[PDB]
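One chain follows as structure tokens, the form deposited in one PDB entry.
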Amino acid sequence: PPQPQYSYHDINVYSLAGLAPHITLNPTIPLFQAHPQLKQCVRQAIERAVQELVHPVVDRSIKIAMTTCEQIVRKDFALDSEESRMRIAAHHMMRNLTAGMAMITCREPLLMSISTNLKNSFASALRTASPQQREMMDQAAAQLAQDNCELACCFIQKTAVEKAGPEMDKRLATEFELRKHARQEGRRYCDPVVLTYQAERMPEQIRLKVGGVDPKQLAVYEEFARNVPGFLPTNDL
């Protein structure tokens, strides 16, 4: 049932300051009713959580996604002598699978890290505490983490998506080079192994064509661009 809160452009990722306007503080939180001043420490707690997690999550997600995207795209476009369609498809798939892996990877660590940061900040501020307020603290910290995890995660996903594209470009360099070198020799690049297999073994209705892929077959790859996990899908605005 729940839709994503944010669209891809609702969040600026250039600096941690991109987080501030979207932070949500449930005013009914018992800790806050008792000490309203403690709200002021929440922004920094979330910023620090994202700060310490963003690069490891980004690196891990791209690493996981890369091999899968490269291998599938290389396979699908093996009889395609042009670099253009392949580059765009790879772009879209890699961005999507990277965003997906980032969402899975950062969820639980963000909760743990955001909660620890708040409980730490709460305790240092007031005062020394006590068994009946340390429970209000632990309650508050857990709830705030739940309330701001989607935001923090999206920030990190977007950071990863933006870094994924150029990384994929570099991984597909040799594929681009196969096609470019072939065109220099006056010929179209065609993976010889794939060419033989498709011509000899695949049923005509599902065979990869030398003539190319027809536009409606690209529907999968276009859908990767339209619908990125964690973000509101795109449309005619």
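One rule holds for the numbers: they count along the sequence shown, beginning at 1. Just so we're on the same page, rigid core means the largest C-alpha set that superposes within 1.5 Å between forms.
Between the stretches 1-9 and 226-234, it is 1-9 that shows the larger average CA temperature factor. For the pair 62-70 and 180-188, the record assigns the higher mean C-alpha temperature factor to 180-188. Comparing C-alpha B-factors across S81, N120, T98, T159 in the deposited entry, the largest value falls on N120. Which of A164, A102, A89, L126 has the largest Cα B-factor in the deposited entry comes down to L126. When all modelled residues of the chain are sorted by CA temperature factor, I46 is found within the middle third. In this PDB entry, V210 carries a Cα temperature factor that places it within the middle third of its chain's modelled residues. The PDB entry assigns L31 a C-alpha temperature factor belonging to the highest third of its chain's modelled residues. In the deposited entry, the Cα temperature factor of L38 places it in the highest third of its chain's modelled residues. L151 sits in the middle third of its chain by CA B factor, as recorded in the PDB entry.
Omitted here: the form deposited in another entry. The next part is about that form.
The comparison between this form and the one not shown, aligned on the rigid core, picks out a single residue among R188, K39, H55, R207 whose CA moves by 2 Å or more, and that residue is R188.
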